[PDB]
Amino acid sequence: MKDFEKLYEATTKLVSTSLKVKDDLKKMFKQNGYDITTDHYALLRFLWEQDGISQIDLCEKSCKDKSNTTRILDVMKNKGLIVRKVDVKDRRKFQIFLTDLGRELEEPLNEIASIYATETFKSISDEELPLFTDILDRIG
Amino acid sequence: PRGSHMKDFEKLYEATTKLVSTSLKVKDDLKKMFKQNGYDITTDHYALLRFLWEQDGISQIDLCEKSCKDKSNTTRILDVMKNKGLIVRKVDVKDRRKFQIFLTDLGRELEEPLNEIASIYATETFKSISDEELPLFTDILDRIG
Ligand SMILES: O=C(O)c1ccccc1O
Ligand SMILES: O=C(O)c1ccccc1O
């Protein structure tokens with residue numbers, strides 16, 4: 001039926017497809033001169049939707065945890081993509097803002113990611129997307 | 001690139017996210033599965049042993065290709081697996097540079113009790129997914145890329 005061999009394959013494919021996809025996309029960013037990771041692009045996506053999100057919300061949005069998200073954010077700050085501000089209401093609590101460089105990169109990075117998305121999913125039909133997704137949702 | 005039937009980018013992005021967040025939630029779930037249960041063994045240790053139990057005495061080339069992955073990391077974990085006393089290297093009787101990987105005694109004894117655990121975790125992991133869905137999932141994932 002769905003014996004251990006298949007479940008182990010499934011799990012294995014899921015993890016490796018995920019890794020390949022992150023890594024191919026990062027390579028395509030680098031090929032075009034953008035030295036960013038997939039993690040940076042995801043976080044930037046949140047920020048292009050809503051500037052000045054608190055650190056705290058952003059770690060909840062992240063699909064990652066606080067220690068890993070915070071490290072990733074330091075790198076981005078170091079790359080000049082965002083700044084960190086002492087809050088207008090509080091202290092020990094920051095807001096995360098786009099720099100101009102961070103805003104400038106919406107168009108170009110989203111374009112590269114589109115190109116990468118269309119090719120990577122060319123063999124999949126539109127209608128398979130919610131099936132795939134609803135399976136992933138019910139795993140674990 | 002293009003076509004007369006394009007998918008919406010946002011949908012592909014959301015699905016890519018779901019793929020990735022789910023892979024992570026799954027690795028998290030499985031992190032301590034041997035350790036909480038009395039075997040000081042990682043996930044990576046385990047996935048390599050699966051290849052070894054299937055093909056004991058495989059070439060470190062074919063293994064690094066089996067693993068897909070980064071050779072130093074594949075190799076680096078191999079190293080802990082030597083140190084823990086799970087595997088060792090004998091040198092391939094073809095070249096003087098090509099290696100071969102072989103399970104230690106623990107390595108072979110560990111098959112049953114570690115597969116037993118992983119089976120029970122896998123079953124749990126996929127318990128709300130149906131029999132027909134499994135090869136569908138799997139076929140989608142193969143076609144991605
Ligand atoms: O990747 C693993 O080590 C694993 C563990 C338990 C069940 C399925 C799996 O692929
Ligand atoms: O969840 C992620 O880190 C991610 C990975 C690849 C593409 C888009 C993403 O949001």
Side-chain angles (χ1 to χ4, degrees), chain A residues 2-29 36-49 58-65 68-69 71-73 76 109-110 112-117 120-121 136 139-140, chain B residues 9-37 39 41-53 66-69 77 110 113-127 129 134 137-138 141 144-145:
Chain A
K2 73 185 169 103
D3 39 51
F4 177 48
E5 179 51 35
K6 303 293 190 201
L7 302 189
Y8 179 79
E9 274 185 46
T11 303
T12 257
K13 286 183 184 203
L14 153 72
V15 159
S16 73
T17 292
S18 172
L19 286 168
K20 183 219 158 42
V21 162
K22 283 175 103 157
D23 183 66
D24 289 351
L25 170 60
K26 180 212 242 162
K27 254 271 280 285
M28 260 184 55
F29 283 139
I36 64 154
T37 64
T38 278
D39 297 324
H40 307 145
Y41 175 55
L43 270 352
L44 276 176
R45 290 276 290 176
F46 295 132
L47 293 171
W48 292 320
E49 259 297 292
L58 222 188
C59 289
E60 297 324 296
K61 264 155 174 317
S62 162
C63 106
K64 264 161 149 73
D65 84 2
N68 293 288
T69 300
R71 181 178 49 74
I72 299 286
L73 289 170
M76 288 166 60
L109 298 186
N110 281 340
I112 286 153
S114 302
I115 290 173
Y116 175 73
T120 301
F121 283 93
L136 289 170
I139 282 173
Chain B
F9 166 66
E10 193 58 47
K11 263 54 184 164
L12 302 177
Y13 180 79
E14 275 157 19
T16 299
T17 293
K18 235 310 211 228
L19 169 60
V20 163
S21 56
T22 292
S23 186
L24 289 184
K25 151 211 179 41
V26 158
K27 275 178 153 295
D28 190 63
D29 293 355
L30 302 181
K31 200 176 181 38
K32 294 156 192 161
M33 66 180 133
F34 312 102
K35 284 172 280 181
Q36 285 196 6
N37 296 290
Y39 298 91
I41 286 295
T42 304
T43 265
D44 279 301
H45 300 172
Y46 175 75
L48 264 3
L49 297 161
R50 297 270 302 160
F51 292 126
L52 292 177
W53 296 314
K66 275 276 180 193
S67 172
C68 32
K69 315 199 306 81
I77 285 150
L110 255 27
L114 301 177
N115 277 338
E116 260 179 75
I117 292 156
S119 200
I120 282 162
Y121 280 75
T123 280
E124 175 70 12
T125 293
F126 289 84
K127 83 197 180 196
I129 300 307
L134 222 266
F137 184 57
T138 255
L141 286 168
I144 289 184

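As a basis for the values below, the full set of heavy atoms in this structure was taken, side chains included, without hydrogen atoms, waters or symmetry mates. Each ligand, and each atom within it, is numbered from 1 in the order the structure gives. Proteins come first, then strands; the chains are lettered A, B, ... in the order of their sequence lines, and each starts at number 1.
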Legend entry - Heavy-atom nearest neighbour in the protein, as seen from atom 6 (C) of ligand 1, with distance rounded to 0.1 Å: B:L30 CD1, 3.7 Å
Legend entry - Proximal atoms of ligand 1 relative to B:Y46 (non-hydrogen, under 4.0 Å): 3 (O)
Legend entry - Nearest neighbour in protein (non-hydrogen) for atom 2 (C) of ligand 2: B:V20 CG1, 3.8 Å
Legend entry - Numbered atoms and elements of ligand 2 in range of B:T17, under 4.0 angstrom, heavy atoms: 9 (C), 10 (O)
Legend entry - A:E49, CD: over 12 other non-hydrogen atoms inside 6.0 angstrom: no
Legend entry - Proximal atoms of ligand 2 relative to A:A42 (non-hydrogen, under 4.0 Å): 9 (C), 10 (O)
Inset, instruction - Measure the distances from the heavy atoms of B:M33 to every atom of ligand 1 and state whether one is below 4.0 angstrom. - result: yes
Inset, instruction - Note the single closest protein heavy atom to atom 5 (C) of ligand 2, along with its residue, its atom name and the distance in Å. - result: A:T38 CG2, 3.2 Å
Inset, instruction - For B:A118 and ligand 1, answer yes if some heavy atom of the residue is under 4.0 Å from a ligand atom, otherwise no. - result: yes
Legend entry - Derivation of the side chain to side chain donor-acceptor pair (under 3.5 Å) call for A:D3 and A:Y8: CA-CA 9 Å; A:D3 39 51; A:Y8 179 79; over 6 Å; no
Inset, instruction - Measure the distance from atom 8 (C) of ligand 2 to every protein heavy atom, then report the residue, atom name and distance (to 0.1 Å) of the closest one. - result: B:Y13 CE1, 3.5 Å
Inset, instruction - Salt-bridge test for B:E14 and B:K11: reply yes if a basic N is under 4.0 Å from a carboxylate O, no otherwise. - result: no
Inset, instruction - Could you check atom 1 (O) of ligand 2 against the protein and tell me its nearest heavy-atom contact, residue, atom and distance included? - result: A:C63 SG, 3.3 Å
Legend entry - Distance in Å, B:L30 CG paired with B:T42 OG1, rounded so as to fall on 0.5 Å steps: 12.5 Å
Inset, instruction - Decide if atom NZ of A:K61 counts as having more than 12 heavy atoms of other residues, nucleotides or ligands within a radius under 6.0 Å. - result: no
Legend entry - Sidechain N-carboxylate O distance under 4.0 Å for A:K26, A:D39: no
Inset, instruction - Please name the pair of heavy atoms, one in A:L7 and one in B:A122, separated by the smallest distance, quoted to 0.1 Å. - result: CD1-O, 3.6 Å
Legend entry - For A:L58 against A:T69, the heavy-atom pair lying closest together: O-CG2, 4.4 Å
Inset, instruction - Could you find the nearest protein heavy atom to atom 3 (O) of ligand 2 and give me its residue, atom name and distance? - result: A:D39 OD1, 3.8 Å
Legend entry - Contact atoms of ligand 1, heavy-atom distance to A:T11 under 4.0 Å: 8 (C), 9 (C), 10 (O)
